[PDB]
């Protein structure tokens, strides 16, 4: 395990996660660690490859997603560090403005528990639907009380939502997939979560590890690098408010 002690294998999303990790590689190298990043296109395999012990950690999900994944998939993963937040947004599909919303419009949303709930909460915040009191972080389409435009919620894998912009009136995208598809939340989103919102302190992206590894020296070194002034400044200067360092 001496070679293992110096290497940090991290499963991550393409953007911003792998780009942020690439900047942190020089920080960790100076500290005697070899950061090795593998990029994943989905939200399932990064947790499975940490649970199996193939990777030391992953950098792709928020706290509600991890909790729901531990319950729904039987993983035992832990949040080793809170790093950044990505404003969730409603982006144009076949309609370019929310003022154009009309009866029966399809809205594409992520189909996992917490990101679907997040999409329904963002639609509620924009007066499109209302949800039952107490629906919360695991709100489903069955929690919809009011639906004045009789919108059709089209549930797809989060990675696929940006690819149905010619099939649905609007699409609700995770920051990482909006960036991957070339969107800018600040310029292109029709509506998005505010940086002083409840979502801003709830959907924080983390470093997740197997239970019992959250205090490993190398994990603590990785988390400290990602929360450093060099990484926070890189995030602020690069992503134009689409990625916000956690504080």
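Numbering follows the first chain given and starts at 1.
Mean C-alpha B-factor is higher over 179 to 187 than over the other stretch, the pair under comparison being 47 to 55 and 179 to 187. Across the two stretches, 26 to 34 and 191 to 199, the PDB entry reports the greater mean Cα temperature factor for 26 to 34. The residue among 75, 124, 138, 97 whose C-alpha carries the highest B-factor in the deposited model is 138.
Looking at the C-alpha B-factors along this chain, the one for residue 158 belongs to the middle third. In this PDB entry, the Cα temperature factor of residue 13 sits in the bottom third of its chain's modelled residues, the lowest group. Residue 221: CA B factor in the highest third of modelled residues in this chain (values from the PDB entry). Among the modelled residues of its chain, residue 112 has a C-alpha B-factor that falls in the middle third according to the deposited record. Per-chain ranking of the deposited C-alpha B factor places residue 166 in the highest third.
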